[PDB]
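One chain is shown next in structure tokens, namely the form deposited in one PDB entry.
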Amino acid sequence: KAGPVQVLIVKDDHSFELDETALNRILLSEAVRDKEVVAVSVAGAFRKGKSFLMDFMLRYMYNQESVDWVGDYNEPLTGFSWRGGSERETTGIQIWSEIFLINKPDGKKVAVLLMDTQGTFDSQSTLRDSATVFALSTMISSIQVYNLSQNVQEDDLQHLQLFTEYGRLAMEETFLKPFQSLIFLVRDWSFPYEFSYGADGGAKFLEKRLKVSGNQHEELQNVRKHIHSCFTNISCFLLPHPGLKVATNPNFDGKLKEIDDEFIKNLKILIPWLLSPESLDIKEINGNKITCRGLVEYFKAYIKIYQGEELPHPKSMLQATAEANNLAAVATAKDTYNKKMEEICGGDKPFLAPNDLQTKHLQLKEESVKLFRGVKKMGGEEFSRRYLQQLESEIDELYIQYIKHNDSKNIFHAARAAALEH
């Protein structure tokens, strides 16, 4: 009996491991291994109805032939595990064990994989944990449903940019756009009088929200240019609130009779719109169409990169900023010291007695330390102590080099001093 399969595991020590046996058992099966593959993923903030949606997608895939694919109104919703409560349910990445075989209008059979993901920004996870799940799901999928709550805020665009950038960095260089299709799915859209529920209102809303203008602040332009540059297709669907029973009643178990009718009406537009054979494009990577076995090879490779390579890993903005402020201040303080020692013991300057040089070095070092402490930086003095230590250390190193140069100007200084003394 078909069921959800855990394929990417995130360990408690925040390491990532792929379950190759489970992945192979699904995608290396003889019936599907050489078939071209379509992969549909959902991703976004945690506790926002992603798995719930995926389970409705499952009903469609299993019942496309039916006049009533949505089902009997008294049936519970099953598949990927979903529930209320404020703590996350889905972790890592899971896929449905049954690969669906679809006929494209074109010709023969292509395979469809459904991927469910750990929601971002749960309190068990580092930023890197969230970035990795999101990036990988994006890199694997041919269609990414980016699930949001109520609105598309500027912080949402920044996260999307950061996560997709993390993915792209791990990919083969290509002059083509790295990904294919992205859907901004807004749950609980509250203003149908302003933009209609569905894909057209959604398109109109997003066209405005994402428009790149040369006159906007660079920060607003750049997040928008990045998102447009990552995907060949970007669309948006506005969905109504499902009603307060879905949201708040602990006995709710997914029965349509307990879901707002306007939601159901739009759900019935949304799912076939996402999953119709004509809209389902075969996954491509670096200009090549990929098969099921080929998709497994990429999953392994992408995981290995995240495990083994120097990648710039995502940092919280305070952290990122605190690091930048500190590195900049170290550079300046060090440069000031060096320039001033150069005036004193650069190559075109006379030899200095070791004690005079030490005195000059100590003064200048102190001046650079005082300068470094003076610069306002995010993170506090506690965050800066390591950098202060680094600055004093690098200055001492510069001094050592200076001594060697200074000595070379008068090797006999001490020997001659001792002879003259007597």
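Don't overthink the numbering: it's just position in the shown sequence, from 1. Between two forms, the rigid core is defined as the largest C-alpha subset superposing within 1.5 Å.
In this entry, the higher average B-factor at the C-alpha atoms falls on 25-33, of the pair 54-62 and 25-33. In this entry, the higher average B-factor at the C-alpha atoms falls on 105-113, of the pair 105-113 and 162-170. Which of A43, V38, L391, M378 has the largest Cα B-factor in the deposited entry comes down to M378.
As recorded in the PDB entry, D281 shows the highest C-alpha B-factor of the residues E262, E87, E258, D281. The entry lists a Cα temperature factor for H313 that places it in the highest third of the chain's modelled residues. Compared with the other modelled residues of the chain, the Cα B-factor recorded for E342 ranks in the highest third. Among all modelled residues in its chain, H226 ranks in the lowest third by Cα B-factor. In the deposited entry, the Cα temperature factor of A328 sits in the middle third of values across the chain's modelled residues. Split the chain's modelled residues into thirds by C-alpha temperature factor. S196 is in the lowest one.
Omitted here: the form deposited in another entry. The next part is about that form.
For the listed set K268, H241, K304, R83, the sole C-alpha moving 2 Å or more between this form and the one not shown on a rigid core superposition is that of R83.
In a rigid-core overlay of the protein, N326 has its C-alpha displaced by at least 2 Å between this form and the one not shown. Here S368 counts as shifted, since its C-alpha moves by at least 2 Å between this form and the one not shown after the core is aligned. Annotation: Cα of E30 displaced by less than 2 Å between this form and the one not shown, core superposition. Wider separation of the C-alpha atoms of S125 and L8, by 3 angstroms or more, is seen in that other deposited form than in the present form. In comparison with the shown form, the Cα-Cα distance of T90 and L101 increases by at least 3 angstroms in that other deposited form.
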